[PDB]
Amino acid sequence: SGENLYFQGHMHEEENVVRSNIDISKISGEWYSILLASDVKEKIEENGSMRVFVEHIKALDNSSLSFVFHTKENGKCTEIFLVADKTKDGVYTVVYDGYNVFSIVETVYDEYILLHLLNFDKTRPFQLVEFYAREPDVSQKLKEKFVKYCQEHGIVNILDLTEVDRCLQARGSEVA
């Protein structure tokens, strides 16, 4: 006798984690910048060009993606509008502080996006890893996931943005 037990689920571990065949409509909407990492720490510390705080992602056509960010310039939150062009599933290019490529590494559409960017500056090229979430903070488990990804890629300058000025106060342009 005893309770018969039965395997349930799939063999791989993660639930609803999307790594390819990205559905753009479901990654659209409101996002918050949570974590930022780089191999060049100056790019993400205060005054760094890549210290940008995402606001919204929108599908533009069957290819391109609109990204709206805030960044700090001359003491103020300023809104910056970017259009990223698709080169293949999950991969885009965009011009900002030079020429960039970036990849949607992994996403849970209603929770988070992990993005890995390369910038091709001739003198000081760099990599950026970003973690966006559907809320302004995330679980410790997800922060550890991000940190492990960074470590696996040799990226050791890792900032948690959730207790510093991310220009949240600048997101109130539109009312219900």
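The first residue of the shown sequence is 1; numbering continues from there.
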| query | finding |
| --- | --- |
| Higher-B stretch (mean Cα B-factor, as the entry records it), 44-52 or 130-138 | 44-52 |
| Which of 164-172 and 14-22 has higher mean CA B factor, as the PDB entry lists it | 14-22 |
| Residue, from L65, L115, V68, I27, that the PDB entry assigns the highest Cα B-factor | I27 |
| Third assignment of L36 from its chain's C-alpha B-factors | lowest |
| Ranked against its chain, the third holding the CA B-factor of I57 | lowest |
| Where the record places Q151 (Cα B-factor, split into thirds across the chain) | middle |
